[PDB]
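Structure, as structure tokens:
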Ligand SMILES: *[C@@H]1O[C@H](CO)[C@@H](O[C@@H]2O[C@H](CO)[C@@H](O[C@@H]3O[C@H](CO)[C@@H](O)[C@H](O)[C@@H]3O)[C@H](O)[C@H]2NC(C)=O)[C@H](O)[C@H]1NC(C)=O
Ligand SMILES: *[C@@H]1O[C@H](CO)[C@@H](O)[C@H](O)[C@H]1NC(C)=O
Ligand SMILES: *[C@@H]1O[C@H](CO)[C@@H](O)[C@H](O)[C@H]1NC(C)=O
């Protein structure tokens, strides 16, 4: 299963909105409709951390600025405002199929 | 040992002996844990969903002496008397076991290791068959009843089982607790 | 709070495996799905394999067809991975990522998939 990517340059002006996205080469229909896709952010000097646990399920420590909403396999990670220190690599994940994958990784770039 | 406790809980038990181990507040459905050490009486409860599994009693509920641990589950009940030096707020943990693909119980949320002891006894469960309308069990008389809320060892605590939730792996909550329970206690 | 703990760096010559530990605390390994991921410049973030609760067994990636092995020291809450198929171009940061085996809705726990908690990772050849 393959995750596609929008341009990875994702230019940044702080205080302005930003978004990145991916689509799937294969159906995401999970037997329970769970649609297990998620989003991670990797800052330098550390592992990627998961920001959005599902599509719309955000985890504590991650501000309301972030959302993984989408449909039809097309999921967009929307950042309402990119603020200072929100810059690193961003990945969409895929756990709906036995093999699991990651996108290439976009980079927010000031 | 998990420090799972509440604050500012009123003492309504005597007169009437009623007491709630997990008080539930309307605000956020908050679960308030109070499993006090009581002087040693009998108790009774409706045992909703088999939350109450057992109880512990003895002179100090600490080391250099012994206490009695009685715990029920679906297949048997096991009683032991040992120098348990158990947790101040002991619980029977319930967790999901991924390799056996099932829920399992753990006594290591009650006590760590016991010191030298000899007494153990095993029998069929006496608390678990709820025949499914509250059906109160009094300490061991199990009778049908509706919801009317009517009719050395020095000290003790009760033991509740906690069905751990699985919400998020990150640190939003421990997820350790679930449900609510009560038992009415006295002479 | 899972708290994934990783081993330090280690460099070995081709064909030698490096066995990488993964210690957890707050949840025992018994409760968690363990997944391993490789990362490198020019390669990106790559899933190697991990535990799948529906079958309740470890599933390996379509690549890393073998000479890769994952195990669990459940008694010490420490998981391990090694790769003997080392050609040195496989030097990469390896990560242990975990997630709950299940989720809970009342008493219906379905199955849960995710890679929610990552350890620091280690650089190994
Ligand atoms: C309720 O609690 C009891 C007490 O822990 C659980 O039963 C215990 O299960 C273990 C594992 O199956 C038994 O250990 C094994 O014993 C055999 C000999 O009988 C030995 O060959 C094995 O190597 C191993 O040591 C343990 O004896 C058994 N205890 C008792 C009193 O039967 C029981 O499974 C729990 N029930 C539920 C529904 O959780
Ligand atoms: C937790 O309980 C132990 C006794 O079981 C006690 O010594 C310790 O001080 C308690 N810690 C907190 C934070 O309440
Ligand atoms: C549960 O564990 C026991 C340990 O002896 C094993 O025999 C049994 O097959 C296991 N059950 C499952 C569903 O794996």
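Throughout, read-outs are computed from the coordinates displayed, never taken from laboratory work. Virtual Cβ from ideal backbone geometry, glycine too; neighbours counted across all protein chains shown.
Just give me the residues in the range A:21-60 being more than 24 Å from residue C:41 (Cβ to Cβ), over 14 Å from the mean Cα position of the chain (by Cα) and facing chain C (nearest Cβ under 8 Å), in sequence order. Residues satisfying the conditions are A:32, A:34.
Look through the range B:19-31, keep the residues that are over 16 Å from the mean Cα position of the chain (by Cα) and not in a strand (DSSP E or B), and return whichever of them is nearest to ligand 2 (Cβ to nearest atom).
At the first step, the residues of the range B:19-31 found to be over 16 Å from the mean Cα position of the chain (by Cα) are B:24-30.
Going one step further and asking which of them are not in a strand (DSSP E or B), we end up with B:25-30.
Working: B:25: 21, B:26: 27, B:27: 23, B:28: 22, B:29: 24, B:30: 19 Å.
Among residues in the range B:19-31 that are over 16 Å from the mean Cα position of the chain (by Cα) and not in a strand (DSSP E or B), the one nearest to ligand 2 (Cβ to nearest atom) is B:30.
Within the range B:38-50, the set of residues being crowded, with 21+ Cβ neighbours inside 10 Å and within 11 Å of residue B:21 (Cβ to Cβ) comprises B:45 only.
Here is a list: B:108, B:139, B:119. Which entry is more than 13 Å from the chain's Cα centre (by Cα) and within 16 Å of ligand 2 (Cβ to nearest atom)? It would help to see each step written out before you state the result.
Working: B:139 fails: within 16 Å of ligand 2 (Cβ to nearest atom); B:119 fails: within 16 Å of ligand 2 (Cβ to nearest atom).
It is B:108.
Among the conditions (1) within 14 Å of chain B (Cβ to nearest Cβ); (2) loosely packed, with under 14 Cβ neighbours inside 10 Å; (3) not in a strand (DSSP E or B), the only one that residue C:30 does not satisfy is (2). Within the range A:97-109, if we keep just the residues that are more than 7 Å from chain C (Cβ to nearest Cβ) and in contact with a strand residue (DSSP E or B) (Cβ under 8 Å, 6 or more places away or on another chain), the residue that is surrounded by the fewest Cβ atoms within 10 Å (Cβ to Cβ) turns out to be A:109. I need the full set of residues from the range C:93-112 which are in contact with a strand residue (DSSP E or B) (Cβ under 7 Å, 6 or more places away or on another chain) and either surrounded by fewer than 22 Cβ atoms within 10 Å (Cβ to Cβ) or farther than 12 Å from residue C:20 by Cβ (or both), in order please. The answer is C:93, C:97, C:98, C:99, C:100, C:101, C:102, C:109, C:112. The criterion of being assigned to a loop (DSSP other than H, G, I, E, B), closer than 23 Å to residue B:106 by Cα and under 15 Å from the mean Cα position of the chain (by Cα) holds for residue B:86. Within the range C:37-57, being part of a strand (DSSP E or B), surrounded by 18 or more Cβ atoms within 10 Å (Cβ to Cβ) and more than 11 Å from chain A (Cβ to nearest Cβ) holds for one residue alone: C:51. Note on the range C:65-110: residues that are closer than 23 Å to residue C:3 by Cβ and either in a loop (DSSP other than H, G, I, E, B) or facing another protein chain (nearest Cβ under 7 Å) (or both) amount to 10. Set side by side, the residues B:34, B:89 differ, and just one is within 16 Å of ligand 2 (Cβ to nearest atom), under 26 Å from residue B:119 (Cβ atoms) and out of contact with any helix residue (DSSP H, G or I) (no Cβ under 6 Å at 6 or more places or on another chain), which is B:89. Do we have residue C:23 as loosely packed, with under 15 Cβ neighbours inside 10 Å and under 13 Å from the mean Cα position of the chain (by Cα) here? Considered against the rule, which asks whether it is loosely packed, with under 15 Cβ neighbours inside 10 Å and under 13 Å from the mean Cα position of the chain (by Cα), residue C:23 comes out as no. The residue that is nearest to ligand 3 (Cβ to nearest atom), among those in the range B:85-99 that are farther than 14 Å from residue B:166 by Cα and more than 8 Å from chain C (Cβ to nearest Cβ), is B:92. Selection of the range B:100-122 for residues being assigned to a loop (DSSP other than H, G, I, E, B), away from chain C (no Cβ under 14 Å) and over 24 Å from residue B:38 (Cβ atoms) yields B:113, B:115, B:116, B:118. Restricting B:135, B:115 to those that are away from ligand 1 (no atom under 15 Å from the Cβ), touching a strand residue (DSSP E or B) at 6+ places or on another chain (Cβ under 8 Å) and farther than 28 Å from residue B:20 by Cβ reduces the list to B:115. Taken over the range C:1-20, residues that are more than 10 Å from chain B (Cβ to nearest Cβ) and surrounded by 22 or more Cβ atoms within 10 Å (Cβ to Cβ) amount to 1. Taking (1) assigned to a loop (DSSP other than H, G, I, E, B); (2) within 14 Å of chain C (Cβ to nearest Cβ) in turn, residue A:64 satisfies each apart from (2).
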